[PDB]
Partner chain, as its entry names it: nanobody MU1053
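In structure tokens, one chain follows: the form solved without the partner chain.
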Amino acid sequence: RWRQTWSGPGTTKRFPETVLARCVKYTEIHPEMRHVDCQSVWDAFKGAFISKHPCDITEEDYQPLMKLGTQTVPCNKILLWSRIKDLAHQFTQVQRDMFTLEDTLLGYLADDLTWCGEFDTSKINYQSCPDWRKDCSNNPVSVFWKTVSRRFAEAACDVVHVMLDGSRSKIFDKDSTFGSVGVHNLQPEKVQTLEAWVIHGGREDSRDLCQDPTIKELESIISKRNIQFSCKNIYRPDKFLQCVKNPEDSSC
């Protein structure tokens, strides 16, 4: 067929087997998650979206999965990000101290995957899935990330860090998961400071992007929640990672 139902790419091929193997791999590696039955995790993940209209997904749909994926993360070591995925993960892979959402069981299971079902059947739809923008925002993928990003934001305390892509015209974007979910779910009783790291798009020799209008916006929103705002430019992300791997020595 030359026309699919939805505008988004369909479910990642071998979704069941991929999620299940990711669950095995994660629970083998991370000792705190050793009790976790992966078949049950798969069962609950399925239950959230199978036989349900892929434009009528709710956070409740994912609560059984959230229960099984209950995980304590060091609340003062949380790294959020927006758009600038790869440096965030490369950073935490060396700084095995800070944690992104994808360093948790639930984020690790879903990272870069797409999935949806159909109301009329228990079939997984490998042909197409709702686009958040063209089709509906209550779809299995978008609702999953909203639910898990909210809980992750709520667990943070002390200094929370966020990496932003400073080569976007909207370095801070009110419409990203970070801007719509993360910023509004940090708990002012616990979170002392949000510190933004503005990742430069290379170039070299460049602007203080902590003065960018959208950063002033972020600063204002955060300050009015009674949380301190801090910002740092990361001019050379290639040198940053190098300094993380080899603190001091040369030009760090």
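Residue numbers count along the first chain shown, from 1.
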Checklist outcome for this item: The stretch whose C-alpha atoms carry the larger average B-factor in the entry, 200 to 208 or 182 to 190, is 200 to 208
Next on the checklist: Averaging CA B factors per stretch from the PDB record, which one is higher: 47 to 55 or 27 to 35?
Outcome noted: 27 to 35
Checklist outcome for this item: By the entry's values, the third containing the CA B factor of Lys123 is the middle
Item to check | B-factor third for the C-alpha atom of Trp115 within its chain | outcome: lowest
Checklist entry - Which third of the chain does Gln63 land in by C-alpha B-factor: lowest, middle or highest? => result middle
Checklist entry - Within this chain, which third does the Cα B-factor at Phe99 fall in: lowest, middle or highest? => result highest
Checklist outcome for this item: By the entry's values, the third containing the CA B factor of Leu79 is the lowest
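We do not show the form deposited with the partner chain bound, though everything after this point is about it.
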Checklist entry - At the 4.5 Å heavy atom threshold, is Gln127 in contact with the partner chain in the deposited bound form? => result no
Checklist entry - Taking the shortest heavy atom distance, is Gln95 within 4.5 Å of the partner chain in the deposited bound form? => result yes
Next on the checklist: Please tell me whether any heavy atom belonging to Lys77 falls inside 4.5 Å of a heavy atom of the partner chain, as the geometry stands in the deposited bound form.
Outcome noted: yes
Checklist entry - Even though the partner chain is not shown here, does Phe91 get within 4.5 Å of it in the deposited bound form, heavy atoms only? => result yes
